[PDB]
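Report on the structure given below.
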Amino acid sequence: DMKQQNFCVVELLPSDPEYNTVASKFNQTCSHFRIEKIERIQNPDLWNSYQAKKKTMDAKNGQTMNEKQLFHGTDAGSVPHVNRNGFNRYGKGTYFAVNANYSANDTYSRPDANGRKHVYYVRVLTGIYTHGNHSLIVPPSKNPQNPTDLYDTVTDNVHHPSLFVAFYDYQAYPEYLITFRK
Amino acid sequence: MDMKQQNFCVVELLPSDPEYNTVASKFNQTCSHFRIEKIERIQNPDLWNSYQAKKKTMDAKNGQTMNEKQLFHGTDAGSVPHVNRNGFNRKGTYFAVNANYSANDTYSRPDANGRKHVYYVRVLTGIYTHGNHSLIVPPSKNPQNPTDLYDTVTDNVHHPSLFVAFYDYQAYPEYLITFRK
Ligand SMILES: C[C@@H](Cn1cc(CNC(=O)CCCC(=O)Nc2cccc(C(N)=O)c2)nn1)c1ccccc1
Ligand SMILES: C[C@@H](Cn1cc(CNC(=O)CCCC(=O)Nc2cccc(C(N)=O)c2)nn1)c1ccccc1
């Protein structure tokens, strides 16, 4: 691996507790769908870059719990690209949902020619977030005197978030891929 | 060990590696007007071991025959994770001698970004004959022994351009070529 971000796809066995944990989070809002398989994406370069950003965010945001496990539905065609590059380049960032049902919508996890749908269960560095708007290439400024320090993500509702928008590279790790059908 | 899950790794070949240049040179014999984005080696130990066991059996049965060929197979972007894990396993799978046949938008459909995908596949062609439409399996070799069948079917037995494989673990999708026009 010479920064190629090579990866391995590990299919989880249903007897593995990790499969049961991922299936339970998906099943909180998607229990009417049937899971065909859950795979773990093992991309060392992408993981190390994500972990370097998490450590920087942890040392900057004090008591804040910087990480959340969120859902991202995508088409079958984008899966090899997400496994290699993640989601790297309310805003022109990447959208993530708190609830799998939102991501299970056909507009996001479009059914392929065999009726299969794909949703990632992603580690996202949500950090410090605020309410956002349409035209954003980077999140808004925190302080007026210090505008270089910007928010980590933007959300639809700061008190009760249902979705998050990430704008930076290595802010999301596509840990699990859920393949399922209606 | 996998627990026979057929887990795989995708290794992007560096242009500085001879492997990239060998695959690129074979593709370029008929597709030098296209431009390669990347070449990836698919490393699936379970799929490989099963393919190698089929190769050993075919080598023991077919005498002087060169049982293996490196052929091309165009596919849509969406089928790539399925091929990487399951190969072309279960009216068979079509393979082309020349990459330009598989580079047709009918087989290697351009995705939303204009990327096209063709695999460079190790295929156990073995002993082959001319084939027709409705085949779930290849024809019989002998009438008294109908259980012994051809390994593959082709468009032309003397100058093959196309092959059809029907059995499991008969093809190993070794390289994935991502390219555009
Ligand atoms: C009939 C319309 C309606 N339409 C468009 C959409 C796309 N969604 C939005 O515009 C909502 C704002 C973007 C958003 O919330 N994305 C999002 C949020 C959380 C997770 C995910 C994800 N990928 O899982 C994606 N939904 N419906 C349609 C128009 C064009 C294409 C498809 C559908
Ligand atoms: C033995 C003959 C006879 N024949 C007719 C048929 C009916 N099916 C078709 O005509 C559809 C096949 C289209 C084709 O040529 N596909 C092809 C060939 C090589 C590679 C690829 C690919 N996906 O890259 C795709 N099957 N066999 C033959 C064998 C191989 C290819 C075409 C013909």
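Going by the structure tokens order, chains are called A, B, ..., each with residues numbered from 1, while ligands are numbered from 1 in the order shown.
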Env of residue B:115: 12 Å cut, atoms = only C-alpha atoms, seq-sep filter 4 positions within chain, self excluded. Answer as a PDB file with N, CA and C atoms, in the first residue's frame.
ATOM      1  N   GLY A  77     -23.357   1.084  -8.074  1.00  0.00           N
ATOM      2  CA  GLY A  77     -22.198   1.563  -8.847  1.00  0.00           C
ATOM      3  C   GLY A  77     -21.110   2.319  -8.080  1.00  0.00           C
ATOM      4  N   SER A  78     -21.501   3.082  -7.046  1.00  0.00           N
ATOM      5  CA  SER A  78     -20.625   3.919  -6.193  1.00  0.00           C
ATOM      6  C   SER A  78     -19.881   3.152  -5.094  1.00  0.00           C
ATOM      7  N   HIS A  81     -15.977   2.799  -5.328  1.00  0.00           N
ATOM      8  CA  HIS A  81     -15.407   4.139  -5.128  1.00  0.00           C
ATOM      9  C   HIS A  81     -15.461   4.542  -3.626  1.00  0.00           C
TER      10      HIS A  81
ATOM     11  N   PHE B  34      -8.914   4.224 -26.116  1.00  0.00           N
ATOM     12  CA  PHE B  34      -9.521   4.493 -24.807  1.00  0.00           C
ATOM     13  C   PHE B  34      -8.374   4.897 -23.846  1.00  0.00           C
ATOM     14  N   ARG B  35      -8.713   5.398 -22.654  1.00  0.00           N
ATOM     15  CA  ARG B  35      -7.729   5.788 -21.646  1.00  0.00           C
ATOM     16  C   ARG B  35      -8.057   5.109 -20.337  1.00  0.00           C
ATOM     17  N   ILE B  36      -7.085   4.352 -19.803  1.00  0.00           N
ATOM     18  CA  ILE B  36      -7.229   3.610 -18.557  1.00  0.00           C
ATOM     19  C   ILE B  36      -7.078   4.568 -17.382  1.00  0.00           C
ATOM     20  N   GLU B  37      -8.013   4.482 -16.438  1.00  0.00           N
ATOM     21  CA  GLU B  37      -8.045   5.257 -15.194  1.00  0.00           C
ATOM     22  C   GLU B  37      -7.245   4.509 -14.135  1.00  0.00           C
ATOM     23  N   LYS B  38      -7.489   3.188 -14.016  1.00  0.00           N
ATOM     24  CA  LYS B  38      -6.804   2.321 -13.062  1.00  0.00           C
ATOM     25  C   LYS B  38      -6.979   0.859 -13.412  1.00  0.00           C
ATOM     26  N   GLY B  74     -16.765  -7.265 -20.119  1.00  0.00           N
ATOM     27  CA  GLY B  74     -17.298  -5.953 -19.800  1.00  0.00           C
ATOM     28  C   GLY B  74     -18.487  -6.110 -18.888  1.00  0.00           C
ATOM     29  N   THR B  75     -18.653  -5.183 -17.936  1.00  0.00           N
ATOM     30  CA  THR B  75     -19.770  -5.247 -16.982  1.00  0.00           C
ATOM     31  C   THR B  75     -20.165  -3.842 -16.540  1.00  0.00           C
ATOM     32  N   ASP B  76     -21.358  -3.695 -15.948  1.00  0.00           N
ATOM     33  CA  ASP B  76     -21.809  -2.406 -15.416  1.00  0.00           C
ATOM     34  C   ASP B  76     -21.092  -2.186 -14.080  1.00  0.00           C
ATOM     35  N   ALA B  77     -20.951  -0.917 -13.645  1.00  0.00           N
ATOM     36  CA  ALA B  77     -20.299  -0.542 -12.380  1.00  0.00           C
ATOM     37  C   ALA B  77     -20.906  -1.284 -11.174  1.00  0.00           C
ATOM     38  N   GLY B  78     -22.231  -1.455 -11.187  1.00  0.00           N
ATOM     39  CA  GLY B  78     -22.993  -2.098 -10.120  1.00  0.00           C
ATOM     40  C   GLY B  78     -22.690  -3.555  -9.823  1.00  0.00           C
ATOM     41  N   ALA B 103     -15.430  -3.678 -24.608  1.00  0.00           N
ATOM     42  CA  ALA B 103     -15.426  -2.212 -24.429  1.00  0.00           C
ATOM     43  C   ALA B 103     -16.664  -1.586 -25.065  1.00  0.00           C
ATOM     44  N   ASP B 105     -20.277  -0.226 -25.250  1.00  0.00           N
ATOM     45  CA  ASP B 105     -21.143   0.338 -24.207  1.00  0.00           C
ATOM     46  C   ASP B 105     -22.301  -0.612 -23.810  1.00  0.00           C
ATOM     47  N   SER B 108     -19.824  -3.007 -21.289  1.00  0.00           N
ATOM     48  CA  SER B 108     -19.193  -2.166 -20.269  1.00  0.00           C
ATOM     49  C   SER B 108     -19.902  -0.792 -20.294  1.00  0.00           C
ATOM     50  N   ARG B 109     -21.131  -0.771 -19.761  1.00  0.00           N
ATOM     51  CA  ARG B 109     -21.961   0.434 -19.734  1.00  0.00           C
ATOM     52  C   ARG B 109     -21.245   1.585 -19.012  1.00  0.00           C
ATOM     53  N   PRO B 110     -21.129   2.773 -19.656  1.00  0.00           N
ATOM     54  CA  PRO B 110     -20.512   3.912 -18.957  1.00  0.00           C
ATOM     55  C   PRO B 110     -21.377   4.311 -17.764  1.00  0.00           C
ATOM     56  N   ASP B 111     -20.755   4.521 -16.594  1.00  0.00           N
ATOM     57  CA  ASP B 111     -21.516   4.920 -15.418  1.00  0.00           C
ATOM     58  C   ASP B 111     -21.828   6.442 -15.499  1.00  0.00           C
ATOM     59  N   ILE B 177     -10.159  -3.435 -14.984  1.00  0.00           N
ATOM     60  CA  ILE B 177      -9.700  -2.273 -15.736  1.00  0.00           C
ATOM     61  C   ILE B 177     -10.823  -1.245 -15.727  1.00  0.00           C
ATOM     62  N   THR B 178     -10.542  -0.049 -15.182  1.00  0.00           N
ATOM     63  CA  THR B 178     -11.461   1.090 -15.167  1.00  0.00           C
ATOM     64  C   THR B 178     -10.910   2.031 -16.220  1.00  0.00           C
ATOM     65  N   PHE B 179     -11.752   2.448 -17.157  1.00  0.00           N
ATOM     66  CA  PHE B 179     -11.290   3.261 -18.271  1.00  0.00           C
ATOM     67  C   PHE B 179     -12.404   4.155 -18.803  1.00  0.00           C
ATOM     68  N   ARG B 180     -12.057   5.077 -19.681  1.00  0.00           N
ATOM     69  CA  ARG B 180     -13.045   5.946 -20.315  1.00  0.00           C
ATOM     70  C   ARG B 180     -12.670   6.099 -21.797  1.00  0.00           C
ATOM     71  N   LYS B 181     -13.521   6.766 -22.582  1.00  0.00           N
ATOM     72  CA  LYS B 181     -13.293   6.964 -24.019  1.00  0.00           C
ATOM     73  C   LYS B 181     -12.211   8.010 -24.303  1.00  0.00           C
TER      74      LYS B 181
END
Exercise answer, 12 Å around ligand 1 with only C-alpha atoms and all ligand atoms, as number ranges by chain = A: 70-75, 78, 87, 90-110, 117-122, 132-134, 154-156, 161-166
Residue among B:66, B:60, B:165, B:83 lying closest to chain A, counting only C-alpha atoms = B:83
Taking only stretch 29-165 of chain B into account, list the residues labelled strand (DSSP E or B) by DSSP (computed from the backbone), as a tab-separated table (two decimals) with N, CA and C atoms, in the first residue's frame.
chain	number	residue	atom	x	y	z
B	35	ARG	N	-8.71	5.40	-22.65
B	35	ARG	CA	-7.73	5.79	-21.65
B	35	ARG	C	-8.06	5.11	-20.34
B	36	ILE	N	-7.09	4.35	-19.80
B	36	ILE	CA	-7.23	3.61	-18.56
B	36	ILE	C	-7.08	4.57	-17.38
B	37	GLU	N	-8.01	4.48	-16.44
B	37	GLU	CA	-8.05	5.26	-15.19
B	37	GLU	C	-7.25	4.51	-14.14
B	38	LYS	N	-7.49	3.19	-14.02
B	38	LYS	CA	-6.80	2.32	-13.06
B	38	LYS	C	-6.98	0.86	-13.41
B	39	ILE	N	-6.05	0.05	-12.90
B	39	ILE	CA	-6.05	-1.40	-12.99
B	39	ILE	C	-5.89	-1.91	-11.58
B	40	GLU	N	-6.82	-2.77	-11.16
B	40	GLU	CA	-6.84	-3.37	-9.83
B	40	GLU	C	-6.77	-4.90	-9.92
B	41	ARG	N	-5.97	-5.50	-9.06
B	41	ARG	CA	-5.91	-6.95	-8.92
B	41	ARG	C	-6.95	-7.37	-7.85
B	42	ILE	N	-7.78	-8.36	-8.16
B	42	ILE	CA	-8.78	-8.87	-7.23
B	42	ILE	C	-8.19	-10.08	-6.55
B	43	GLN	N	-8.03	-10.01	-5.22
B	43	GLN	CA	-7.43	-11.10	-4.45
B	43	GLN	C	-8.49	-11.74	-3.60
B	68	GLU	N	-6.20	-22.95	-20.28
B	68	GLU	CA	-6.47	-21.60	-19.81
B	68	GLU	C	-6.20	-20.54	-20.85
B	69	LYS	N	-7.08	-19.54	-20.88
B	69	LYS	CA	-6.93	-18.34	-21.69
B	69	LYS	C	-7.20	-17.11	-20.83
B	70	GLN	N	-6.58	-15.97	-21.17
B	70	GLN	CA	-6.86	-14.72	-20.48
B	70	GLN	C	-7.79	-13.92	-21.39
B	71	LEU	N	-9.06	-13.75	-20.98
B	71	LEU	CA	-10.12	-13.14	-21.80
B	71	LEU	C	-10.73	-11.93	-21.11
B	72	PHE	N	-11.54	-11.16	-21.83
B	72	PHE	CA	-12.13	-9.93	-21.35
B	72	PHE	C	-13.62	-10.07	-21.13
B	73	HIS	N	-14.14	-9.34	-20.13
B	73	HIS	CA	-15.56	-9.33	-19.80
B	73	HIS	C	-15.97	-7.95	-19.31
B	74	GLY	N	-16.77	-7.26	-20.12
B	74	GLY	CA	-17.30	-5.95	-19.80
B	74	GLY	C	-18.49	-6.11	-18.89
B	75	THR	N	-18.65	-5.18	-17.94
B	75	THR	CA	-19.77	-5.25	-16.98
B	75	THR	C	-20.17	-3.84	-16.54
B	93	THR	N	-21.65	-17.44	-19.06
B	93	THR	CA	-20.99	-16.13	-19.07
B	93	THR	C	-20.19	-16.01	-20.37
B	94	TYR	N	-20.32	-14.87	-21.04
B	94	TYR	CA	-19.61	-14.59	-22.29
B	94	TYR	C	-18.28	-13.89	-22.02
B	95	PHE	N	-17.25	-14.27	-22.76
B	95	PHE	CA	-15.91	-13.69	-22.64
B	95	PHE	C	-15.36	-13.41	-24.02
B	96	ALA	N	-14.61	-12.32	-24.18
B	96	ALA	CA	-14.07	-11.96	-25.48
B	96	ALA	C	-12.55	-12.05	-25.50
B	116	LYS	N	-16.01	3.17	-17.47
B	116	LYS	CA	-16.31	1.87	-18.07
B	116	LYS	C	-15.46	0.81	-17.39
B	117	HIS	N	-16.01	-0.42	-17.21
B	117	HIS	CA	-15.35	-1.51	-16.49
B	117	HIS	C	-15.31	-2.82	-17.28
B	118	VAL	N	-14.10	-3.31	-17.49
B	118	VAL	CA	-13.84	-4.57	-18.15
B	118	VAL	C	-12.89	-5.38	-17.25
B	119	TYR	N	-13.24	-6.63	-16.99
B	119	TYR	CA	-12.35	-7.54	-16.29
B	119	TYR	C	-11.45	-8.25	-17.28
B	120	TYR	N	-10.20	-8.53	-16.86
B	120	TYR	CA	-9.22	-9.35	-17.60
B	120	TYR	C	-9.18	-10.62	-16.77
B	121	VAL	N	-9.82	-11.67	-17.29
B	121	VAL	CA	-10.18	-12.92	-16.60
B	121	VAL	C	-9.41	-14.16	-17.07
B	122	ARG	N	-8.97	-14.96	-16.10
B	122	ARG	CA	-8.39	-16.29	-16.34
B	122	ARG	C	-9.58	-17.21	-16.55
B	123	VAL	N	-9.73	-17.77	-17.76
B	123	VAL	CA	-10.86	-18.64	-18.07
B	123	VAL	C	-10.35	-20.03	-18.46
B	124	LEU	N	-10.94	-21.07	-17.87
B	124	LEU	CA	-10.65	-22.46	-18.21
B	124	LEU	C	-11.48	-22.84	-19.45
B	128	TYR	N	-13.24	-27.01	-26.41
B	128	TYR	CA	-14.45	-26.28	-26.79
B	128	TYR	C	-14.97	-26.66	-28.17
B	129	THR	N	-16.23	-26.35	-28.45
B	129	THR	CA	-16.88	-26.62	-29.73
B	129	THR	C	-17.72	-25.38	-30.10
B	130	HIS	N	-18.37	-25.39	-31.28
B	130	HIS	CA	-19.27	-24.31	-31.67
B	130	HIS	C	-20.57	-24.43	-30.86
B	140	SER	N	-22.74	-32.49	-25.44
B	140	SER	CA	-22.03	-33.73	-25.13
B	140	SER	C	-20.92	-33.97	-26.16
B	149	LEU	N	-19.02	-33.68	-21.09
B	149	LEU	CA	-19.36	-32.52	-21.89
B	149	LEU	C	-18.13	-31.67	-22.22
B	152	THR	N	-16.24	-25.46	-22.73
B	152	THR	CA	-16.83	-24.17	-23.15
B	152	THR	C	-17.34	-24.26	-24.59
B	153	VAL	N	-18.05	-23.22	-25.03
B	153	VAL	CA	-18.48	-23.14	-26.42
B	153	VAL	C	-17.89	-21.84	-27.00
B	154	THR	N	-17.65	-21.82	-28.32
B	154	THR	CA	-17.06	-20.66	-28.98
B	154	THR	C	-17.87	-20.29	-30.24
B	162	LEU	N	-14.85	-15.38	-29.32
B	162	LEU	CA	-15.75	-15.38	-28.15
B	162	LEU	C	-15.87	-16.75	-27.53
B	163	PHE	N	-16.02	-16.82	-26.18
B	163	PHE	CA	-16.20	-18.06	-25.44
B	163	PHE	C	-17.34	-17.91	-24.45
B	164	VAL	N	-18.04	-19.02	-24.18
B	164	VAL	CA	-19.08	-19.08	-23.17
B	164	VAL	C	-18.70	-20.17	-22.18
B	165	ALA	N	-18.62	-19.82	-20.88
B	165	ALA	CA	-18.34	-20.75	-19.79
B	165	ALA	C	-19.67	-21.01	-19.05
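Here atom CA of residue A:18 is placed at a distance of 17.7 Å from atom CA of residue A:43.
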Mind listing as an MDAnalysis selection string which residues of chain A are within 10 Å of chain B, counting only C-alpha atoms?
-> chainID A and resid 1:2 4:13 39 41:43 75:81 83:84 112:114
Shell around stretch 45-59 of chain A at 7 Å using only C-alpha atoms, local window under 6 positions removed, as a PyMOL selection string | chain A and resi 3+5+66+125+127+170-173
Could you pull out the helix (DSSP H, G or I) residues of chain B from DSSP and send them as a PyMOL selection string?
-> chain B and resi 18-31+45-61+77-86+99-102
d(atom 5 (C, counted along the ligand's line) of ligand 2, atom CA of residue B:157) in Å | 14.1 Å
Would you please work out which residue, of B:113, B:67, B:147, B:50, is nearest to residue B:169 when using only C-alpha atoms?
->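 Looking only at the distances to residue B:169, the closest residue turns out to be B:50.
Closest approach to residue B:101 among B:29, B:175, B:125, B:18: B:29, based on only C-alpha atoms.
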Enter the distance from atom CA of residue B:4 to atom CA of residue B:46, in Å, rounded to one decimal.
-> 6.3 Å
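Closest approach to ligand 2 among B:90, B:54, B:133, B:33: B:133, based on only C-alpha atoms and all ligand atoms.
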